[PDB]
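J.: Handing you this structure, nothing more for now.
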Amino acid sequence: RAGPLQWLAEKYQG
Ligand SMILES: *CCCCC*
């Protein structure tokens with residue numbers, strides 16, 4: 001992926 005960002009952003013919101 002384009003770094004461990006998308007899943008962190010998901011983790012933050014939800
Ligand atoms: C996909 C990361 C942002 C979701 C709110």
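In the structure tokens, chains take letters A, B, ... by order of appearance, with residues numbered from 1 within each chain and ligands from 1 in the order shown.
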Would you mind listing the residues within 7 Å of ligand 1, counting only C-alpha atoms and all ligand atoms, as a PDB file with N, CA and C atoms, in the first residue's frame?
T.:
ATOM      1  N   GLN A   6      -3.850   4.766   5.341  1.00  0.00           N
ATOM      2  CA  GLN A   6      -5.267   4.550   5.084  1.00  0.00           C
ATOM      3  C   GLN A   6      -5.925   3.807   6.248  1.00  0.00           C
ATOM      4  N   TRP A   7      -5.309   2.709   6.696  1.00  0.00           N
ATOM      5  CA  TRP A   7      -5.845   1.897   7.776  1.00  0.00           C
ATOM      6  C   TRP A   7      -5.776   2.615   9.131  1.00  0.00           C
ATOM      7  N   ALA A   9      -6.145   5.954   9.357  1.00  0.00           N
ATOM      8  CA  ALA A   9      -7.227   6.915   9.201  1.00  0.00           C
ATOM      9  C   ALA A   9      -8.588   6.262   9.475  1.00  0.00           C
ATOM     10  N   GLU A  10      -8.805   5.045   8.958  1.00  0.00           N
ATOM     11  CA  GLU A  10      -9.975   4.233   9.281  1.00  0.00           C
ATOM     12  C   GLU A  10     -10.052   3.969  10.787  1.00  0.00           C
ATOM     13  N   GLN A  13     -11.139   7.298  12.695  1.00  0.00           N
ATOM     14  CA  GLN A  13     -12.536   7.667  12.505  1.00  0.00           C
ATOM     15  C   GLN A  13     -13.469   6.639  13.149  1.00  0.00           C
TER      16      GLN A  13
END
J.: Could you pull out all residues of chain A with a DSSP call of alpha helix (DSSP H) and give them as a list in words?
T.: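 Here is the list: residues 6, 7, 8, 9, 10, 11, 12 and 13 of chain A.
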J.: Create the file for the chosen residues now, containing C-alpha atoms and written as a compact mmCIF listing (two decimals), in the first residue's frame.
T.:
# COMPACT_ATOMS: atom_id res chain seq x y z
CA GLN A 6 -5.27 4.55 5.08
CA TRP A 7 -5.84 1.90 7.78
CA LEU A 8 -4.71 4.34 10.52
CA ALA A 9 -7.23 6.91 9.20
CA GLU A 10 -9.97 4.23 9.28
CA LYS A 11 -8.83 3.26 12.82
CA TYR A 12 -9.07 6.93 13.95
CA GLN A 13 -12.54 7.67 12.51
